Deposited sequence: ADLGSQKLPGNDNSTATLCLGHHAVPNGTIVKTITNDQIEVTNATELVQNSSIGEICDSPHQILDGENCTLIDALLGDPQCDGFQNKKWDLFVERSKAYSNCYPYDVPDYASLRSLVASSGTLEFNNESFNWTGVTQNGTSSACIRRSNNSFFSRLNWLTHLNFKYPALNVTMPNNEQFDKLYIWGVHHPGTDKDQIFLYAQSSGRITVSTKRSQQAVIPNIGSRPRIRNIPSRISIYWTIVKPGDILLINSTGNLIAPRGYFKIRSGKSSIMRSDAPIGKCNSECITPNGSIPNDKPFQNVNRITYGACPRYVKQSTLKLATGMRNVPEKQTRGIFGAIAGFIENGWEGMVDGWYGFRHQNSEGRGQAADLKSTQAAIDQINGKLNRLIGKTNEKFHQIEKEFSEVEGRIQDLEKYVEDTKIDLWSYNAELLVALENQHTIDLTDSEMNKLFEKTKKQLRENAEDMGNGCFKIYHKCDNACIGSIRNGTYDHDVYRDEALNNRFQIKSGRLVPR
């Protein structure tokens, strides 16, 4: 009682959180934050990306000009959304390398179309079908021109169209395969028919195949769709002796951030940068578990459902430096104004006071880690397909393997990052506690002794102002040294 006690300590909480570290699967810290986004609000926000809901139409149908898709003419988009309910209702068609055509249009991000005046002298234009009804009349694909005989003759066509513009042109055309030699005659007079479109660089030669296929909406015949790109200075050349489904012009083709996504999520009136087929997701977190398919500024897809980053010290209720969970037996739940602090007992009573500088030093370092991880996602746009409806073999094996490889490597990065940062966070918070203890020890010089539990026995009368002077670094040890030495060194 000619003595005082000053104890160093740290806070603790009743509701701790378990995190993983390098050396321990399960360690409790005072606070943590989740690094994996695991939920979507279920809506694709219409902002800030230009969304185009395909609704009942696929991109290719909107491209060809299925009557149902007339409203999509010349539209642009950042992201085209294809619905699973979509269906075609014009003339039955197939596209060799459908996936590539879908991909290049999606990436181009525009349906801008310019009509061109082709010289179809000698044939009937604007062929039409009951399989493709527009305004209650028999019709056809808006962007295609079905040519037939005129006066029972189909002269050999040799039609040309130069690109004298400064942009590429995307031409879509097709070949008709009648189900009977009869229909072939009726339509084109010729028995066979043959199509050949050329540029200076390319040749696409198609020979139609007369034959009945299983009926799609009662049609046993087909149209096969092809595309050719013509750059400035080049020339399109169309030779046909029949069966040619002619283009009415070209599509502008652009390069940019556009893409396409399969999803049944409704479009919402809201604003979110990251889109998944499940809906838009927040992008504050560096990782996400929602979908490997994404568009925009998105967290990276990982396999883990949760990854907790410690944002506080080890929680010790009741480190490499050995203070926290070390010579300091436990934390103080009653310290709610700081992370580290002092408890004292003197002549005037018992008190507690937080140390702000050490508290802030720990918090600044943790915020530095958070600044590296939170709100820094990277933009991805058009990628590769990652779900498949049909078996294809080799190329699909490769696309799947590439994505699986990527996810495992990011899942590894995420796992190690959290384990490493957490080990370091627990060590830096232990370090700050140790520094405060060491600083206090040096301050007291020969006037006190370390009791080994984070407490100092102070060998002199130390009232509240004296204790306060120690806490704020103005303690003058020389003032008390004589009193202290006499108390320490006696019998």
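Annotation: deposited residues 1-12, 331-334, 508-515 are not represented by C-alpha coordinates in the model.
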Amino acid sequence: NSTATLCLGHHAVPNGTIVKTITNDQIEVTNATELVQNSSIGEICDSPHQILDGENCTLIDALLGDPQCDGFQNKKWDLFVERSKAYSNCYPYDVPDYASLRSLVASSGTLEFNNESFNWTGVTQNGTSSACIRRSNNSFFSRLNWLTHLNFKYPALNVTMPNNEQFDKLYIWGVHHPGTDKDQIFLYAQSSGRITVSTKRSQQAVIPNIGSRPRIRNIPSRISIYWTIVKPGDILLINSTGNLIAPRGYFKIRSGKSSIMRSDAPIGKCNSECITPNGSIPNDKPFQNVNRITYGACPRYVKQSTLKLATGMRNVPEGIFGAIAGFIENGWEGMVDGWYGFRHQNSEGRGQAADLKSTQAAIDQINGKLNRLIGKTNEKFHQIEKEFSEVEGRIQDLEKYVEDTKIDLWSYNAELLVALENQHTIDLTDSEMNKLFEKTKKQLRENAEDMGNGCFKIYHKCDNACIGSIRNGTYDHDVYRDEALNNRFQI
From here on, numbers count along this sequence of modelled residues.
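For the pair 381-389 and 285-293, the mean Cα B-factor is higher in 381-389.
Annotation for 354-362 versus 407-415: the higher mean temperature factor (C-alpha) is found in 354-362. The entry assigns its greatest Cα B factor, within the set 228, 103, 396, 163, to 163. Ranking 71, 266, 277, 96 by the C-alpha B-factor listed in the PDB entry places 96 at the top. Looking at the C-alpha B-factors along this chain, the one for residue 91 belongs to the highest third. Among the modelled residues of the chain, residue 234 sits in the highest third by CA temperature factor in this PDB entry. In the deposited entry, the Cα temperature factor of residue 372 sits in the middle third of values across the chain's modelled residues. Among the modelled residues of the chain, residue 345 sits in the middle third by CA temperature factor in this PDB entry. The deposited CA B-factor of residue 41 belongs to the highest third of values across its chain.
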